[PDB]
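The structure that follows is given in the form of structure tokens.
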Amino acid sequence: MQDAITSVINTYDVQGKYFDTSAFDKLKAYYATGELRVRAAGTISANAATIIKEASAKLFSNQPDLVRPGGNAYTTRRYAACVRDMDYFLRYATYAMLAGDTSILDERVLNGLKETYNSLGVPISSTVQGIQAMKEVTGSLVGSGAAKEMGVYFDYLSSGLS
Amino acid sequence: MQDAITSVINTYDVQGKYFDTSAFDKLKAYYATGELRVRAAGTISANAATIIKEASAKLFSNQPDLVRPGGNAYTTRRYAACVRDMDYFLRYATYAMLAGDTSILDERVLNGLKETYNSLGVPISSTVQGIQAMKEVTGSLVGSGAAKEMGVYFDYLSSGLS
Amino acid sequence: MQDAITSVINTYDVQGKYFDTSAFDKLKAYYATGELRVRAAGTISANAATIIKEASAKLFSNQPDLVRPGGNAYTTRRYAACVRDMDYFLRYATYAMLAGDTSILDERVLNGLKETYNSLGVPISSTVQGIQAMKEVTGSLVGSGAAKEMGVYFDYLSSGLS
Amino acid sequence: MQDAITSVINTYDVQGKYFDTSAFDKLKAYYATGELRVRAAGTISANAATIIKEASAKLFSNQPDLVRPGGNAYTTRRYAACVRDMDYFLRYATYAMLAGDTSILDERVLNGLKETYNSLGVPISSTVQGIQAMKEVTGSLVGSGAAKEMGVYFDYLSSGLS
Amino acid sequence: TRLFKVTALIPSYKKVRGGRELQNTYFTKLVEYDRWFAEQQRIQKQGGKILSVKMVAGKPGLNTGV
Amino acid sequence: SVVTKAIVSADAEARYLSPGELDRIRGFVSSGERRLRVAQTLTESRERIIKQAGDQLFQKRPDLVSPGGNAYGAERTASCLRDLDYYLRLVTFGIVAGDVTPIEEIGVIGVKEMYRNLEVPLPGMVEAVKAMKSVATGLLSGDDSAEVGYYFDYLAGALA
Amino acid sequence: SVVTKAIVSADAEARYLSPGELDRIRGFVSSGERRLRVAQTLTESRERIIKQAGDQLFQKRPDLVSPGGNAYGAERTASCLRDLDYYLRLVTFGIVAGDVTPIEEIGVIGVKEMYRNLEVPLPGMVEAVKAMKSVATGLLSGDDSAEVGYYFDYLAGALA
Amino acid sequence: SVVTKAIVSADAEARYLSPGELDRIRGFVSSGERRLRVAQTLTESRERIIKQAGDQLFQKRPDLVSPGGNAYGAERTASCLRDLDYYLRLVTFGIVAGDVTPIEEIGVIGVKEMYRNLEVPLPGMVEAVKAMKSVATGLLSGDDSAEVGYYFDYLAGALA
Amino acid sequence: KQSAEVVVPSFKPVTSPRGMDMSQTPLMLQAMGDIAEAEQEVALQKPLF
């Protein structure tokens, strides 16, 4: 993984240039938003169980067949795996929000999750619906700015699965 | 002597301190019990002779030898001095109950009383028994709430004599 | 481990003897008690969490200091470790009862317990009292016939600890 | 492990007590020493290689037989392991000084060190001499008050080894 | 389900080793199902790129026999 | 206090308290909460009372803080204001006590010899306590102001 | 503690503390006084915080003190409030420590097993700590209330 | 950086970041502005630092530029100065990152093998880095010199 | 099967020692001296009266 600071470091390293004015502008932009990110992450940490419970309720209410017999989320085992996946998605989106970069989602979330779900038979559209449900529930909790910030990484997860 | 209020005032005077919230709490606590103490004091004053009759009768029934020839309460003079002493104890216990403090019991009653009784020949265990009898007789008249209060001062007298 | 049947078999195998009438009598006794042992083991399996609850409640009622600050079972971690130790004792007692032999209490349980508990400062007397508490609860649960049998293994565990 | 804060927390947790004035005074004293501790830690960290060089130089000057053929510090492996142990002692002494508490010295240094060295034939008196040389070098670099404080942790190590 | 066939590349970042390491970087292995979460997490934490994962033994969506 | 005074009077006569003394005590404890709120209010505004009373006193009596005055200088002015603080605290004690017994026991008996040994003028003390009376009764409501004014009158009369 | 985490993190990498971690410790040492003041504010008001949090808990979750509820009975309700007082004490500990390490070691590790062996509902614990958070942050200024709410939020998340 | 280390430490335990880790990140973002100011200052003084550092290295170690030395010739001396420029850029990256992790990832892992293959003397590296440290710290104020010199010290230790 | 004994039964806790409170520590003594100065300064911050 790489955060925003390490991201700009790597980008300026690949051309072998020293930091220009724009690089310091990017770094100032990140450090300015860091404190909002820390409130957002602390709030989400406080309410991770609540967010996952509300999002799962919304997903399984909009798609009742998932947890009725024959659905992918029908058993205690497969339901528990589903809510474990949503818990991991939310915590990693919190990580990517604190870092200010979608890299950790590439290295530690999307790195083989697509074809793991594909071989498992997990429906992609339903998982996207669950990610969107976590997105709405989390935004309503963290307020407008942190909601936009978290939503960026949530749509990164959705598009990675899509 | 000092009552409860002047006890608080002295506590705060030695410290050079204006009244705290705790000081106001203790003052409210004393002001709340004032009507109870006044009612109990009036009842005790109205029934002092009856209280002495009952307590002395109980003491002389439980220790007959006190009033037999050779006993400390054997004469009309020494019997009258006995019931006079019981009136002392009841009246000063009533003062202490009104005051909400036992300082007057220390300065006016218990000071040098042990050596006085030892020099006189007065049995001090029998006097504590008379005070306990007086406590029991008074508690029935004043009522449970006032009985619990008067018992404290009767106990202070008994402990100081014992 | 070793059970009653395997104990008889090894006893005769060391002697290199076919089974005599005494060996068949011992095997008959174990086969006769087998139904009682199976019923008791089923009851304990059905009520183990209950048994741990009443045994822990009784032990911490008899010695409240254990779970109050300063006691060995005072914290969430140490309370949970206490309950886990009691779960060991109950489950291995049930194993030994079903086996009819105390060997498994020697290998899996009593080997090195004193050293661990004296290293940790775990009070061995209080642990013995907890084992006794489990003994009353389990004996009351299993019934008259099985209570005597399970007492053998609980007291074996207690004597190994003390 | 423990530091000064955790030590006060534990002594008030065993008693189930909220913090008193005495505990707040102890916490204030540690918070007052924190700046000096961080200064000494930074100085030692910048100068660790210098300290190890000088201390091992005095040790091998006084005990030349340790580096003559056959001595315990005679091979490149054993010399490297000797100066590595000296680096360990310096690092854990600095940790302990920064924590204000010697518990880390017992937990992470002194535990089994004596019979580690005895099973390896490492001389323990010469290790204590190395620790004293290290203390003398460190005192000159960190200043008088920091020297006195650092001597406490070096002496704790020396006494635990002896 | 019971079996994933996983092809993964694990590069090296911490150090350059004297050992060849062609053994350990690009590999294919068979990891049993309830090991796959932990194994995938470890592979992602080492910095590798999981190239493919396949079903081999069991049938996706089965309830019993898992 | 009120209870102490009644009890001491009954004890001198070696009797129980009369219905009148008990009624006095009952009316005393019945009015405890309002006098206690008055003491609360005076305690809350202690710093303002001392500040304003000292200002009023030194405007009315400039000779006290001029050279040759007893309170000349920061230190002696602070000792002056601290005496005012003493007397305000005594007044709060007297308010909760229901009589001027704390005031008399701590700050009246022997005050003449004390302030003579300190070269402190007594007319200065009465002017200071009247200043504090004005400032403190300004804060309180009319009945409570009158009650507090009675205690400040007792103090001014004791000094004068 | 902050120093303990810094030392343990450095030890896990077998290194001295870097200037960043030493600066972190320097800031924590600087804020120690504010932390002690907050801890004293929460300690002096522990009875009020416990009483009000118990109230709010039992209005918001009547089933707990309702028949069949874990807190049913005066004795069980006293145990409930005693647990609340344990956790308030641990919160003050974590305030002075600068981290949730005392809270986790004393009241969070194995708490699920303990409350399961006690038949205590964890949503009840979460609601109770939310009640304590509301009451205790009401007693503090915004800057201090935020940092206390952080410890209370960690406690709620660890119980949930 | 510090944020990445906090994230990977939290993910190792499969947890959210604790209030202590969040406070550490808060302190880091607070120090970010001074870190960018320092990195800007060193970035502005590119050519100065390189020039004096190279001159001190070549006067202190004439053998490197002398016949048979590794840097003999205009192109080899240019490569020497180019390596110095690389390492100064890495130090600026470390200043912004708050740690020596970028220096570690770009210019420290396998550096000894690289300079063995290039026949570059490692003590010459250490002396060049020390000269760079001296020039950079000189061009800075008293405060910036400590944190900048820490990175040069780490780099020289890596080469040594 | 050389021995059935447990080599590591547990680790003895190091949470609390006996004595050596380290409150007599000289720099702790210096801090306790300095807190007195801080308290005195706070006291002189109050009005003189």
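The chains carry the letters A, B, C, D, E, F, G, H and I, assigned in the order they are written, with residues numbered from 1 in each.
As a convention for this text, a residue touches a chain if its C-beta (ideal position, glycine included) is under 8 Å from a C-beta of that chain, and two chains touch if they have at least 3 such contacts.
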Geometric centre: closest chain by C-alpha means: G
Winner on C-beta contact pairs when D-I is weighed against A-G: D-I
Approximate Å spacing (C-alpha centroids) for the pair chain A, chain B: 78
Chain centre separation in whole Å, for chain F relative to chain D (CA means): 64
Approximate Å spacing (C-alpha centroids) for the pair chain C, chain I: 44
Whole-Å separation of chain centres (CA-atom averages), chain E against chain I: 50
For chain C, residues that touch 2 or more chains besides their own: none
Residues within chain I bordering two or more other chains: 11
Multi-chain contact residues (two or more partners), chain E: 45
Residue numbers on chain A that touch chain G, as the complex places them: 42-43, 45-50
Parts of chain E lying in touch with chain H, wherever the complex brings them together: 13-16, 45
Chain I-touching residues of chain D, taken from the complex the two chains share: 1-2, 4, 7, 10-11, 14, 25-26, 28-30, 32-33, 36, 100-103, 106-107, 111, 145-146, 148-149, 152
Chain D partner contacts - residues on chain G that touch it in the complex: 1, 3-4, 6-8, 10-11, 14-17, 19, 22, 25-26, 28-29, 32-33, 36, 39-40, 43, 46, 89, 92-93, 96-98, 101-102, 106
Chain C - residues contacting chain G, complex: 52-53, 56, 75-81, 83-84
